[PDB]
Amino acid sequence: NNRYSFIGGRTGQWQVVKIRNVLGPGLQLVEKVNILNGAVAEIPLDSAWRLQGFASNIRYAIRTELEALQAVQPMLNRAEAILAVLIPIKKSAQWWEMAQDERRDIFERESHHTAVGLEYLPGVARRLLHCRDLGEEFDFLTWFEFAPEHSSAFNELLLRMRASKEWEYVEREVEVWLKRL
């Protein structure tokens, strides 16, 4: 199954440490996030919100970037990676109507997304889910996990991404910080 669901409420494998409502309407604070590998139609009881998305193909990265990533990126579920952060993102209509060279140019040529992210590996593990195509309120679910040593660096990465040209198209962002139970 390529589909993943995230349920904020009273049960799950993860404890909510905090939520930061960076841009746009926020998400309700909950005790726990429950993560599931499947679609969930039936909104669980005592649950405040459901996010979902799917794992998909590469949209921007070129072969050499892929090779560079594969050489250093960590797997998910390292025993040390007890902190995680879920970050939903929505981009503007003006971004989606742009052609594929335009978007590519803003993503790497101008914003150096891949080159910047590479500096935070192997400390940081990541997964990217897509959800615009499902009718969701957000366009993406981003997932990051790392050992506590790396929390500082991760915060530094967030402030850099948000200073890029790419982030000018971002109209909605929440940080859900988590601790593995």
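All residue numbers refer to positions in the sequence shown, first residue = 1.
Of the other compared PDB entries of this protein that include residues on both sides, all give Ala147 atoms, none of them, and so not a third, leaving it without.
Compared against other deposited entries of this protein, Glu65 counts as consistently modelled, with coordinates in all of those that resolve the residues around it and thus below the third mark.
When the C-alpha B-factors of 41 to 49 and 26 to 34 are averaged, 41 to 49 comes out higher. Looking at 129 to 137 and 108 to 116 together, the entry lists the larger mean B-factor for 108 to 116, computed on C-alpha atoms.
The entry lists C-alpha B-factors for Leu69, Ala153, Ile58, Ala55, and the highest of these is at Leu69.
When the modelled residues of the chain are ordered by C-alpha B-factor, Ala163 sits in the middle third.
In the deposited entry, the Cα temperature factor of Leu121 places it in the middle third of its chain's modelled residues.
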